[PDB]
Amino acid sequence: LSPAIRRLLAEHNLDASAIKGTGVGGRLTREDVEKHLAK
C-alpha cells in the first residue's frame, strides 16, 4: 500500500541484509529501520 519506506530505504542507501526485521519470520517493519535513524 504505497510503500513510502522504499523511498527512505533507497534514500539513505543501506542494504536490507544488515538489519534484523523483528516482524517475526524476518518480515521487515518500518518500526526498526526508523529506530536506527530517527535522529
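Residues numbered from 1 in each chain as written, not as in the entry; some residues may be left out. Heavy atoms only, no water.

As documented in the archive entry, the model was determined using solution NMR.

Looking at the header, the entry is titled "NMR structure of a downhill folding protein".

Turning our attention to the overall build of the protein chain. The number of helices and strands found in the protein chain is two helices and zero strands. For the C-alpha atoms alone, the extent of the protein chain along its principal axes is close to 25 × 25 × 20 Å. Buried residues in the protein chain amount to 5% of all 39 residues. Counting every atom, the protein chain has about 3700 Å² of accessible surface; 54% of that belongs to carbon and sulfur. Measuring between centres, the 7 positive side-chain charges of the protein chain sit 2 Å from its 5 negative side-chain charges. (Helix = DSSP H or I, 4+ residues; strand = E, 2+ residues; numbered from the N terminus. Buried < 20%, exposed > 50% of the residue type's maximum accessible area, 1.4 Å probe, protein only. Areas by Shrake-Rupley, 256 points an atom, 1.4 Å probe, with all protein chains shown as cover. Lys, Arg positive; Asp, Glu negative; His and termini not counted. Charge placed at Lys NZ, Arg CZ, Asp CG, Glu CD.)

Turning our eyes to something else, we now look at the layout of surface pockets. Estimates place the volume of the largest pocket at around 170 Å³. When residues of the lining of the largest pocket are traced back to their parent elements, those giving at least two are α1 (5-12) and α2 (30-36). For the lining of the largest pocket, the leading source of residues is α1, giving four residues. For the lining of the largest pocket, a count of residues per class yields nine nonpolar, three polar and two charged. (1 Å grid on protein atoms, 1.4 Å probe; cavity = no way out; pocket = protein on both sides within 12 Å on 5 of 7 lines; lining within 4 Å. Points joined across faces, edges and corners; volume = space filled by probe spheres on them. Nonpolar A, V, L, I, M, F, W, Y, C, P; charged D, E, K, R; others polar.)

The topology assignment puts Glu-34 in helix α2. Between the alpha carbons of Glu-34 and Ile-5 there is a distance of 9.7 Å; along the sequence they are 29 residues apart.

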